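Visitor: this one's sequence-less:
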Ligand SMILES: Nc1nc2c(ncn2[C@@H]2O[C@H](COP(=O)(O)OP(=O)(O)O)[C@@H](OP(=O)(O)OP(=O)(O)O)[C@H]2O)c(=O)[nH]1
Ligand SMILES: Nc1nc2c(ncn2[C@@H]2O[C@H](COP(=O)(O)OP(=O)(O)O)[C@@H](OP(=O)(O)OP(=O)(O)O)[C@H]2O)c(=O)[nH]1
Ligand SMILES: [Mg+2]
Ligand SMILES: [Zn+2]
Ligand SMILES: [Zn+2]
């Protein structure tokens, strides 16, 4: 539930609780956001955060 | 009781121990003053007031 | 721990470095005497002899 | 004579040497010491916990390593690039004499101009200052093309400007007189007409192959210095007719038809050369300096002497051909475009002069300039780092290390070896002494020194038990097992491993005795 | 001379075979083949041998010459 | 105790390997578990 | 606030008082800071740290002396210490330290007897670790023999 | 106020005259003086730093005060590095002034204000292009 | 201790016993402490006084405008010492003393020159120790860390080892003695906040206000603002530091018989600084001045400084930033030492 919460928060979705397994829409949105950040419409995250 | 080397203060930038020494000397001064007023057994009133 | 009367000054280089000089008065009163409870075990096994 | 041949210089000798004004002293160094399998007491000297000359037997190697290792914690763990270089030359144009002394020129050949100034056409010129009693107070480096005011010998008062030149400008200087004749100096083919009005200004750009049209690829535009009669007048004292190959952007002020006096600037060529020596320091720079890592884009030097010239144009590396006047011509070296060149085509360079600006790789220094030059360079370069933090070390230790780095040579001649094998300099030197003392040459054999970074040098150890002690054990054990190599131990760490007497110090006598007992009756 | 061995190094300049000479002498003293040549100050034989070396009474030449002398005497 | 020097390294030939060895170790057993004799 | 409270105690507001040297009786120049500070006795007690060993138990495979406190211990000269000794011309101390003191069995016993008898000689032998090394490399197909000339 | 960049030199803010042309001899000389003073000051500060660094450095026996004495040096060297990076920019600006090509934006030919040049004498671009480039940079970086 | 890099805070040492007779000799001859006083790196002495000694000597030799026994003429150093120990004169007070120095002028002969020098009581008492061969000039001066080391060095160069060892021991004993008699300590009021701190701070803040105003005008993007502010803050920091040190050093305005004068103060912390026993100007700054600008993790320098000092009290943010800097340094030290060891080992392997 935490993993899903963080995953949906990173992709700006209102929905908090998901199904554990990766729906393929997830992967597609992931690649969309990756190419977005590669274009420059986003900030890179640091793994230092608390 | 203890004789401490002064050359440890300025290069070790921990100056808090010096203020600690001062405030502690003042606290024991109060304690002495109360011990003195009790050894003479002045009166409840005077000890209470002080 | 405990609170002692300290004086900041060099006393014939016995506190040369971070070392500390202490007066017999503290040991006399036994105010830094610790109790340590150590355990010892003697085990008697059975050898083939 | 105030100091007889090799004497140990103790404090009092130094005091006597100071009261006089001796400037330079040849001192025997450990690097050049001649004895094989160790060093000689004298070349090393005294300096130790005791006062005296080194006693035979002391392990100087580990002493030096210890002394160079103990410090290195005052130094910061990064590579701070303060790069300030506080004490500059106050400006870039004029020189400023600090103390009143005689002016003395080193390594130059000047050309008196029409006003009568010694315009210097030498790249390696220095201008020192002699003091009252014969010593070098001030020393300055004057670049190529700087007009002077006072020449050589005359006394300069305190704070007099003795030299002047435009920084961002490398002048082309004519040595003889007569009319300027244009060669291949066609309008459109080799130059681009950007012309001013009456006073005769131009912005002519000598275009390289790319910007020159399809016909002007090989056309070398030149400025011939001819006389009234026609024949090419020769530079004073030399037979070369001065054919100044005008490089790119040679702004020819004096057009064709103006009698140039001997020493007038031919054409302004702009060069925005960096004028600051960024200081570098801290620990890792030291490790890298001691590991002899090929630096970044290295500066280049000349290999043999002789008049330089260009070669096949613009293939991605412009050619430089050094042709020796006497020896064979054929040394062409390709060079990348981004390198800036210091010498004109029609110039006579010497071997190991600077050709490009930047950092020199110690390997080149050793190969061209030789041993003492590389050792001095290393010593000074590290010592600068160590003094930057204020840790004092005597040079002798760094010197022993440098000697350990040069342990190896490579044979180019023949006669007893494999003609190409990297071989220790000691075996080569003993075999050369043998051959040359015997009747037969064989051939030979000529060698060249090579410089190794302390790690590789360590890896090139002879005895295999040490190398197995600190190297990848499997590799050394395998190679030595196949080679059938035989270890006499000869070293310190070997004997430690076997638990017998190290050959250093108190035990040297023991081993010395054994050496005499071996190979005896 | 258990402070500075400077005078022994002034006698023997190697500063290493010094310790070997002193060891030979002090072992010649320990196994009681000989007796001390200097009045002892309740010292052990190490500093005794150093004291003998520093005054020029004993060195390598005196050890070898006197040793072969005593040897040839003991031959009879 | 010998006075030696020069330590030599070479591939061991099979006859040398037989030379050093005193016997062939045929079975993997170690000890009797009852009496711990080998 | 400290100044105020010190005044309430009737003590010098600067917090320094003149002290007399208890040995001679002379006063100290420049009064010195005195006062109470809270100190702690840490668990690092000299009673535990002190340790010495003459002779004791040795290890099974590599005949070195055991390291530690339960077993007497026996510090350890490392390469850095070796280098230090090599820096001097100190060959005999290094030699004993390397063989007679740890790994040479016969040497160590003979030296025990010599010391007890009041003689000081030595007999270095071969360090046991080196013998183990020979046997371990020989276990491979690598012939390592001590040659003679 | 004696704390800006005009303070380093003994110069007070210029004042373009009514019919004063843009780049005249006097303005160029002014800016050269300013830059030269700034530089010489920075280099003298580097000399101070180095003398300090050379005097202080010592071997401390406590690991929690060697870090104390090597955590102020890191900051000091940081500032010195930054100013060294600015010495190359000042050098380049001094080259543009000597070349008489100073005061105009490198992207668009518009001339950069005199008051901005008295503000940050090393300015290479106009405020508009500067802002756009800074945004593009910060966006392509993160 | 300097040779061992040892400090008495629970550091431990090992003790080995050389067994054979030859080992005993090698230890006593080559390895003995007294034989190795010169550093193998450079020729200079290693055993120089460290911290407490230097403080004692600095106090003992330092001169003062006015005290007890100004202008007394003493027949010799022993009488000087008799005067000090009886309390008829301060341990430092300007005085005319007769002293007999010896000179190695001839071929190793000592020639006594005996005349009247103008020195301190303390300097004579110290001159008692000095062995014969040294010129008086050596001790006549302030006698700090540098000067004391040079003193020892010259003693070595002229006489030789034996006397230098004895002179070093004597120096230690005397330094400890007179350091104890001085009674120097460190009180809260000994670290004086310069009167003009807040003035310079207000000026720097006014300048930041002006730079903000010139930002709102649109002459500078944010980057120029950041850089410019950081530079003005650095300059303000250095100026305040220098002003505090000026206040601190020469503030003892002591008076002679009539009019007054000013001199190198006897502020305990200042003497502890200047003698070279502990501390440098930077640390004194951080106690009594503003502890400058600080850096965040990434190497970027935070724009706003602390402005507080340890005599005063810091606040949450300021302490947090100081944590950044401190812990960064603390984590770097370990790695640095562990890699310097490796460098030294691969440098010993080659040679
Ligand atoms: N560091 C130091 N050493 C001092 C001092 N005063 C005396 N010594 C030295 O200590 C040694 C004194 O030892 P002894 O007097 O013989 O008495 P002992 O039986 O305890 O050894 C002497 O050196 P020695 O071993 O006897 O040398 P040598 O004269 O025999 O050659 C002496 O020079 C001092 O103040 N400081
Ligand atoms: N003391 C000082 N240094 C200056 C100043 N201006 C620029 N620098 C330093 O020189 C570097 C060069 O900056 P630029 O790349 O030219 O960027 P810019 O046009 O905004 O100045 C700066 O990079 P930087 O990225 O800002 O450095 P940093 O942030 O990585 O530490 C900075 O470190 C200045 O006015 N004063
Ligand atoms: Mg410690
Ligand atoms: Zn030699
Ligand atoms: Zn623009």
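Guide: Sure, I can see it. Residues are numbered from 1 along each chain as shown, chains lettered A, B, ... in the order given. Ligands and ions are numbered 1, 2, ... in the order given.
Visitor: what helix or strand is residue 22 on?
Guide: Picking chain A for this. Here residue A:22 sits in a region with no helix or strand, counting by DSSP states H and E.
Visitor: wrong one, chain I
Guide: Secondary structure from DSSP H and E places residue I:22 in helix I:21-26.
Visitor: That helix and chain E, are they touching?
Guide: Yes. Judged by C-beta under 8 Å from any C-beta of the partner chain, helix I:21-26 and chain E are in contact via I:21, I:22, I:24, I:25, I:26. The C-beta positions use only the backbone N, C-alpha and C, and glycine is treated the same way.
Visitor: Distance check, residue I:237 against chain B.
Guide: Distance, residue I:237 to chain B, using C-beta to the nearest C-beta, to the nearest Å: 17 Å.
Visitor: thought that residue was touching residue I:293?
Guide: Yes. Using C-beta atoms under 8 Å, residue I:237 is in contact with residue I:293, at 6.5 Å.
Visitor: what is in contact with those two at once?
Guide: Common neighbours of residue I:237 and residue I:293, using C-beta atoms under 8 Å, 6 or more residues apart in numbering or on different chains, are residue I:305.
Visitor: Pull the residues that contact the lengthiest helix in chain G.
Guide: For chain G, the helix with the greatest residue count under DSSP state H is helix G:105-117. With contact meaning C-beta under 8 Å, 6+ apart, helix G:105-117 is reached by G:55, G:63, G:99-102, G:120-125, G:128, I:19.
Visitor: Centre of the chain to stretch I:323-333, how far?
Guide: Put simply, stretch I:323-333 sits 26 Å off its chain's centre (C-alpha atoms, centre = their mean, to the nearest Å).
Visitor: check contacts around the residue in chain E positioned nearest to chain F.
Guide: With C-beta to the nearest C-beta as the measure, residue E:20 is the residue of chain E nearest to chain F, at 19.6 Å. Contact analysis of residue E:20 by C-beta under 8 Å, 6+ apart lists D:506, D:509, I:22.
Visitor: any idea what sits nearest whatever residue of the stretch 101-250 of chain D ends up closest to ligand 1, other than its immediate chain neighbours?
Guide: Here the residue of the stretch 101-250 of chain D nearest ligand 1 is residue D:135; by C-beta to the nearest ligand atom that distance is 43.8 Å. In space, and not counting its chain neighbours, residue D:135 is closest to residue D:21: 4.5 Å by C-beta to C-beta, 6 or more residues apart in numbering or on different chains.
Visitor: quick one, what contacts the one you found?
Guide: Counting by C-beta under 8 Å, 6+ apart, residue D:21 touches D:131, D:133, D:134, D:135.
Visitor: Apply 6 Å and report the result again.
Guide: D:133, D:134, D:135 (C-beta atoms under 6 Å, 6 or more residues apart in numbering or on different chains).
Visitor: same deal with residue G:90?
Guide: I:26, I:30.
Visitor: Quick check on it: phi, psi?
Guide: Here is the backbone geometry of residue G:90 (degrees, to the nearest 10): phi -90, psi 90.
Visitor: now swap in residue D:103 and tell me
Guide: Recorded main-chain torsions at residue D:103 are phi -90, psi 130, according to degrees, to the nearest 10.
Visitor: re the thing from before, as JSON lines, the contacts of residue E:20 with distance to residue I:248 and neighbour count would be great.
Guide: What follows is the contacts of residue E:20, written out as JSON lines (distance: C-beta to C-beta, whole Å; neighbours: other C-beta atoms under 10 Å in any protein chain shown):
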{"residue": "D:506", "distance to residue I:248": "56", "neighbour count": "31"}
{"residue": "D:509", "distance to residue I:248": "62", "neighbour count": "18"}
{"residue": "I:22", "distance to residue I:248": "59", "neighbour count": "27"}
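Visitor: picking up where we left off before, now tell me what touches the helix holding residue I:22 from outside.
Guide: Helix I:21-26 has contacts (C-beta under 6 Å, 6+ apart) with D:506, E:19, E:22-23, E:26-27, E:46, G:90, G:92-93, G:96, G:120, I:18.
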